[PDB]
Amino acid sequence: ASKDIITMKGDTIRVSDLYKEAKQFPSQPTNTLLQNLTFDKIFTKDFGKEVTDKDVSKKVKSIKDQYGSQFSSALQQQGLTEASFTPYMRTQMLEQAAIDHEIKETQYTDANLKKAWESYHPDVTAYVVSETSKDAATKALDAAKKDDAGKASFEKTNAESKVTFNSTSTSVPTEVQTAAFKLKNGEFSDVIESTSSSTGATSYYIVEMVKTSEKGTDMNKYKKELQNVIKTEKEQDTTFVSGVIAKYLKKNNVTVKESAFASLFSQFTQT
């Protein structure tokens, strides 16, 4: 007795196809095995020639080399083996090829460019110094604004804190950025207070502008920069990715024949 579980254009997932995934990921549930096996097929039909076995094994090695000794425990946290990581990375790379392509061909619309432009600020170079105690930051600032001598001490002492950031920075906090975009070259800021949402600590920043900047009135001057702002946001927007999946599902007429898994792609057929 032979029976199809999922139907799509030019292909179909059978029980044998499921059991093959079950043997490769005994820890993963049936639902996941089906979802991943479906994505693998629909994304291989349009981006397979762009993600060869060499492209996969090459990226896997570059990642293994960065994690180093932690790579083993990094795969356990995900519930994978070094052997099952290659095929897992293959499906993740095929799925990523589809989202990257969709972002590039449809998200850089005038409406999104203007949305990003409303709060955008170009690169500025300046000394951004963090302190734990408020009293410490207050004395360090008074010593820097005292005279040109104390200013050189601040610049020599906090030499590694001289950075280049824009409105998309993750290292420089929003309170600091706002106070910094108001400074003139050579000007110092007040003791900026910033409470971290991740940890929960309260740091005290001091900023000295070196090279400031203005976006101006022409948005087209920073069109490439704004496209990269839209790119980094869409990649992190779970709603957008689920939408990309829903598209390729609808495109290949993916249908669940086994009523037992009816709500298999319910997480995507809502976006």
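All residue numbers are counted from 1 along the displayed sequence.
Across the two stretches, 194-202 and 141-149, the PDB entry reports the greater mean Cα temperature factor for 194-202. For the set 90, 182, 156, 101, the maximum C-alpha B-factor listed in the entry falls on 156. Set against one another, the Cα B-factors of 214, 65, 225, 50 in the record reach their highest point at 214. Annotation for residue 19: CA B-factor lies in the lowest third of the chain's modelled residues.
Ranked within its chain, residue 30 lands in the lowest third, by CA B factor from the PDB record. Among the modelled residues of the chain, residue 45 sits in the highest third by CA temperature factor in this PDB entry. The PDB entry assigns residue 239 a C-alpha temperature factor belonging to the highest third of its chain's modelled residues.
Sorting the modelled residues of the chain by their CA temperature factor places residue 82 in the highest third.
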